[PDB]
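Visitor:
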Amino acid sequence: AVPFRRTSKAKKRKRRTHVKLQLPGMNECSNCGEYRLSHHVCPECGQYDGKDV
Amino acid sequence: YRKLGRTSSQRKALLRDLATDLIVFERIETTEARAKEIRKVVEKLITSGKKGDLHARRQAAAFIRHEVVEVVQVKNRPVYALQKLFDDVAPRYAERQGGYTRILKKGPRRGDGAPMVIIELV
Amino acid sequence: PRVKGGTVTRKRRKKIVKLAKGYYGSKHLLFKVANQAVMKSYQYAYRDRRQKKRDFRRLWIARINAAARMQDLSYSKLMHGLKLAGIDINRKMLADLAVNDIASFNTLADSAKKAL
Amino acid sequence: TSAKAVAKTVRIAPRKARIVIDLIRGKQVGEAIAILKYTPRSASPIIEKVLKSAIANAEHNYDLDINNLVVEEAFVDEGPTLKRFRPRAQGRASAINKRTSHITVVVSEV
RNA sequence: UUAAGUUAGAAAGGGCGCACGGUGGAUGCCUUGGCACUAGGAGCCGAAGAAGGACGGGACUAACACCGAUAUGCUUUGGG
RNA sequence: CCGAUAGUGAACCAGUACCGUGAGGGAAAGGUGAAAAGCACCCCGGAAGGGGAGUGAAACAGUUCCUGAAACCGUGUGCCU
RNA sequence: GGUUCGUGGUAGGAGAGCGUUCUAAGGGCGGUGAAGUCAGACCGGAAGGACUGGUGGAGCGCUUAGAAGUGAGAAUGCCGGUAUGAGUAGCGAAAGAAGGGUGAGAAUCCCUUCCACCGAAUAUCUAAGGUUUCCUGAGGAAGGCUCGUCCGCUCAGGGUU
Ligand SMILES: [Mg+2]
Ligand SMILES: [Mg+2]
Ligand SMILES: [Mg+2]
Ligand SMILES: [Mg+2]
Ligand SMILES: [Mg+2]
Ligand SMILES: [Mg+2]
Ligand SMILES: [Mg+2]
Ligand SMILES: [Mg+2]
Ligand SMILES: [Mg+2]
Ligand SMILES: [Mg+2]
Ligand SMILES: [Mg+2]
Ligand SMILES: [Mg+2]
Ligand SMILES: [Mg+2]
Ligand SMILES: [Mg+2]
Ligand SMILES: [Mg+2]
Ligand SMILES: [Mg+2]
Ligand SMILES: [Mg+2]
Ligand SMILES: [Mg+2]
Ligand SMILES: [Mg+2]
Ligand SMILES: [Mg+2]
Ligand SMILES: [Zn+2]
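Protein chains in written order, with PDB author numbering: chain 5, 2 to 54; chain Q, 3 to 76, 88 to 135; chain T, 2 to 117; chain V, 6 to 115.
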């Protein structure tokens, strides 16, 4: 029900070892020349890097 | 099949609404989960369209929404979503066996991080 | 006249917290647990100034025992021998010879054997 | 040699800003800006404006080479907390901390 | 090369030390306000409408202070 | 005698705010600088907020702004794991 | 000055002292940097005291006496600040969708269409009660359990015959 003891700084920090973001999966486009998510449409060019729209 | 955080009747309503939107506008932006369900339902409506006969028209009519796409002017008469499906959309896919839709991944929505996509006829 | 509690309190508590330098977590930060930790450290250090003297005599005796058994004497026989011989060299000096100048230790071990 | 920007008393919780700022620390500014663009978090837009401000400072004030810049330092300090109350059951009110952040980004040549 | 043996190094994260920040408002210095008294004065106001108020009054006026449809002031005597 | 948790409840528009049907209960809250000289102008930004430039003895004195402890939150790293 | 015997200690008795604010008197320090504050490997048997350097920016020691609001770690103490639990519980009955628009920015604001819900009400009056919440134009700090270009919110004007 309730914490028996307060959690120490060390223990709190150990618990948060896995609470983090991963870097996004991105890469530079050829036509744009700027970063884009893989398998997404590149807004800089304004279409899908390969398939023209 | 996907339950889209909706009861059975709510989900049928949603699928009919989006199906009609994609037939009317030919390109809509929605969530990935919705798009992956819509492709199944829209490609079956286009199949009915390709079949073309009265029985298929009435099967489509049971699903498609009674929406006016446009007014053509001959007198001026409206064009209904069902008419567009059977007179405009269906014929353009006469020689194409399946795969009437495509889903382009767009990116996450600001307010809920929902992964948004374009689904379009082609 | 009023005496407000200014500075003397902070000065006293900060000294105790500085004495708890190196202690784990709250023990080097917070006066209440630092003050316990410092009191306890002082109590251990007092106890261990006595225990240190016992510990080093046990180390020396063990080394004298090892070096004496290499001369076919036990520690108990060698020390008896040195007493009878009249040799007053203390265990810290014997242990030092047994590590650093074994030749000299063997000379004393001979003096012990002779007295026995 | 280096250029800094700060966003003081931004109305976002420090923990929420830090989990993002940790991605861009040590990265080249081009990659850093990309990482923020494609990290879907409330903090990403705020940190982007601080970083682009720091880059503008580096280019306009100190005449550094923008193509050559790296995020030397990035950190989030606690700002002053807004104290609020949520009414709970049985007449009791529970505290709500509307925490704020000071977001610092330093950029440097290499 | 094989075998047997020995020893190094590592950090997802953490600890200690140090440096630099943030938060926070302790401490010091300060005083617009208080506290206790002393000496002197004064110890009542009101139907000639009191104490205390309400609403108003300014070029624009929300508040305070001041004033009362003569309203952010009027007459007069002195001071300056 | 007190020196802002003190001294009046009240150094600050306080018997106010606020609580209570009402009688009644009843706070918190002082300090830019000698002087506003209160940051022209440029830059990023919708703004906020910054970075320069300038004022100043000082701006790490920047309109709540003398000092600025501790808890607490971070960044960096010498030794350890 | 030696000699001899002593020097564990709760309640408790006895003694000597440290430090704090104020006063007096002597004598000083201080913009060539006071108090405070931070740091340090210094000094004394203890309480404690210096020195040096940073910060600070104007007051403060010392000696001898005097007087006390004179020393805090505990009171489920009082007030303030900040943790922990934790990115956890929760986000308060319910159907939404897409297109178009606005905007720095849109699941959340506006418009359109379809869908869905109440319908002896979830509709229309009206008393009480509230007291400007009403309308229009600006706004987006805070409030709104998210967002916000929007609002019963903020700022202006208005409005009740
Ligand atoms: Mg049903
Ligand atoms: Mg209730
Ligand atoms: Mg008071
Ligand atoms: Mg103070
Ligand atoms: Mg301030
Ligand atoms: Mg004794
Ligand atoms: Mg004894
Ligand atoms: Mg006594
Ligand atoms: Mg003093
Ligand atoms: Mg201080
Ligand atoms: Mg006392
Ligand atoms: Mg306490
Ligand atoms: Mg849990
Ligand atoms: Mg859970
Ligand atoms: Mg949940
Ligand atoms: Mg709700
Ligand atoms: Mg009924
Ligand atoms: Mg309205
Ligand atoms: Mg909000
Ligand atoms: Mg609006
Ligand atoms: Zn591209």
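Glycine included, each C-beta is placed from N, C-alpha and C at the ideal position.
Round the Cβ separation of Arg4 (chain Q) and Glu45 (chain Q) to the nearest angstrom and send it over; I've been treating them as touching at under 8 Å.
Guide: No, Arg4 (chain Q) and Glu45 (chain Q) are not in contact; Cβ-Cβ is about 16 Å, not under 8 Å.
Visitor: Quick check on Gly23 (chain T): does DSSP put it in helix, strand or coil?
Guide: DSSP places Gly23 (chain T) in coil when its eight states are reduced to three.
Visitor: Identify whether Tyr49 (chain 5) lies in helix, strand or coil by the three-state DSSP scheme.
Guide: Three-state DSSP puts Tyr49 (chain 5) in a strand.
Visitor: To which residues does DSSP link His57 (chain Q) through a beta bridge?
Guide: Note: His57 (chain Q) sits in no beta bridge, so no partner.
Visitor: Report the neighbours of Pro92 (chain V) on chain Q: residues whose CB is nearer than 9 Å to its CB, in chain order.
Guide: By Cβ distance, chain Q contributes nothing, its closest Cβ being about 26 Å from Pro92 (chain V), past 9 Å.
Visitor: Please compile the residues from chain V whose C-beta is within a distance smaller than 9 Å of the C-beta of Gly126 (chain Q).
Guide: The answer, in chain order, is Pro45 and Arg46.
Visitor: Starting from the C-beta of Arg8 (chain Q), find all residues in its chain whose C-beta is less than 7 Å away, skip the five residues before and the five after it, and write them out in chain order.
Guide: So the qualifying residues of the chain are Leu16.
Visitor: 7 Å is my cut-off, CB to CB: does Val3 (chain 5) come that close to chain Q?
Guide: No, its Cβ sits nowhere closer than 7 Å to a Cβ of chain Q.
Visitor: Which word fits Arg37 (chain 5), buried or exposed, when buried means at least 16 other C-beta atoms lie within 10 angstroms of its C-beta?
Guide: That one is buried.
Visitor: At 8 Å on the CB atoms, spell out the chain 5 contacts of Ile40 (chain V), in chain order.
Guide: Correct list: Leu24, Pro25 and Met27.
Visitor: Roughly how many whole angstroms lie between the Cα atoms of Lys15 (chain T) and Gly7 (chain T)?
Guide: Looking at the two C-alpha atoms, the distance is approximately 14 Å.
Visitor: Once the 5 residues before and after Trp61 (chain T) are set aside, which same chain residues still bring their CB inside 8 Å of it?
Guide: These residues qualify, in order along the chain: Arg92, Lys93, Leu95 and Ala96.
Visitor: Between the stretch 98-127 of chain Q and chain 5, which residues of the former have CB atoms less than 7 Å from a CB of the latter, in chain order?
Guide: Residues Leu117, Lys118, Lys119 and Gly120.
Visitor: Measure from the C-beta of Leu28 (chain V) to each C-beta in chain 5 and report whether the shortest distance is under 7 Å.
Guide: Yes, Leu28 (chain V) lies at the interface with chain 5 (some Cβ there is under 7 Å from its Cβ).
Visitor: Determine, for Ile24 (chain V), whether the minimum Cβ-Cβ distance to residues of chain 5 falls below 7 Å.
Guide: With 7 Å as the cut-off, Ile24 (chain V) counts as an interface residue toward chain 5.
Visitor: Starting from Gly120 (chain Q), follow the beta strand (DSSP E) in both directions and report where the run begins and ends.
Guide: That run of the beta strand (DSSP E) goes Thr114 to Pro121.
Visitor: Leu83 (chain T) lies in the alpha helix (DSSP H); which residues open and close that run?
Guide: Run containing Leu83 (chain T): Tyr76 to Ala86, per the alpha helix (DSSP H) assignment.
Visitor: Taking the beta carbon of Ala46 (chain T) as the centre, do at least 16 other beta carbons fall within 10 Å, making it buried, or is it exposed?
Guide: That one is exposed.
Visitor: Any contact of the stretch 93-106 of chain Q with the stretch 10-25 of chain Q, i.e. 3+ C-beta pairs under 8 Å?
Guide: Touching, yes, given that three or more Cβ pairs across the two stretches are closer than 8 Å.
Visitor: Less than 6 Å between C-beta atoms, sequence neighbours within five positions excluded: which residues of the same chain meet that for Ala116 (chain T)?
Guide: Here the set comprises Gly82, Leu85 and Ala86.
Visitor: Let me know the secondary structure DSSP gives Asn89 (chain Q) once reduced to three states.
Guide: The answer is coil: DSSP assigns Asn89 (chain Q) none of H, G, I, E or B.
Visitor: Using a cut-off of 9 Å between C-beta atoms, extract the partners of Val42 (chain 5) located in chain Q.
Guide: Neighbours of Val42 (chain 5) on chain Q, chain order: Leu117, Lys118, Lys119, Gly120 and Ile131.
Visitor: DSSP three-state label for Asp23 (chain Q), please.
Guide: It is helical.
Visitor: Enumerate in chain order the residues of its own chain whose CB-to-CB distance from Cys43 (chain 5) is below 6 Å, with the five nearest sequence positions on each side excluded.
Guide: Cβ within range, chain order: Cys30, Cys33, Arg37 and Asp50.
Visitor: For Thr33 (chain Q), write down the residues that DSSP places opposite it in a beta bridge.
Guide: Partner(s): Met129 (chain Q).
Visitor: Kindly indicate the opening and closing residues of the beta strand (DSSP E) around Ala98 (chain V).
Guide: It spans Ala98 to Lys103 - the beta strand (DSSP E) in which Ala98 (chain V) sits, taken as one unbroken run.
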